[PDB]
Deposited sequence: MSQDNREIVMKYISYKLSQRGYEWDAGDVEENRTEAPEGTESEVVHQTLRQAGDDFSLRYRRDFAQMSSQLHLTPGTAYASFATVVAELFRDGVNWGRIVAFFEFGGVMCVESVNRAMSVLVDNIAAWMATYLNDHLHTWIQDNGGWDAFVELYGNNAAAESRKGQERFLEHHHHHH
C-alpha cells in the first residue's frame, strides 16, 4: 500500500529525532532498503536540504505550495528510483522540520500529499518498472558496485 510505505517512512524519520507520531507506528526488506537509501541521501545532501529549507520558508499557509514545487522540480526529467528515494527523504525531512517549528499539524498533511502523489503520479511508473522488488534489486546492484 502507498499509505503504509509513506507512514512507515515518516514514522522512522520522526522516531530518529525522538518524536512519536499519533497517526504512525510491501515486504520488510523493501522498508529497510528504502530507510537505508534515504539515510544515505540525507548524509550526502545534508547541506542542500538546509539551504532549500531556508528558501522554502515552511509555514502552514505555504507548505502545500512548497511540497508541490519541490516535487515538480524533482521529477521534471522523469521518474526513476533515485528520484523516488529523494521524494521520500524530502517528505521525511519536511515532517521533522514541521515538528521542530511547532507546526506538527503539518505531519499528517505531508504524509497525505506524499501518498496522493504516489497514487496519482508514481504508481503507473512503479508498476511498469517491476514494482518495489525492482527497487530492492537496484539497491543491491548499486551496493555491490559501491563496495568495489
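- Numbering the deposited sequence from 1, one finds several regions with no C-alpha coordinates, namely 1-3, 29-40, 164-177.
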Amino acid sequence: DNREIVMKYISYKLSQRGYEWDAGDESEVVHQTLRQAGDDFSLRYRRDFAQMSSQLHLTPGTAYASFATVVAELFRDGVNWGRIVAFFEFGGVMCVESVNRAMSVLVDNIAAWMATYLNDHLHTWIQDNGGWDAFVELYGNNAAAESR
From here on, numbers count along this sequence of modelled residues.
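- For the segment pair 134-142 and 16-24, the entry gives 16-24 the higher mean B-factor, averaged over Cα atoms.
- Relative to one another, 114-122 and 44-52 have unequal mean CA B-factors, and 114-122 is the one with the higher figure.
- Highest CA B-factor among the listed residues (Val107, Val85, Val29, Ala63): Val29.
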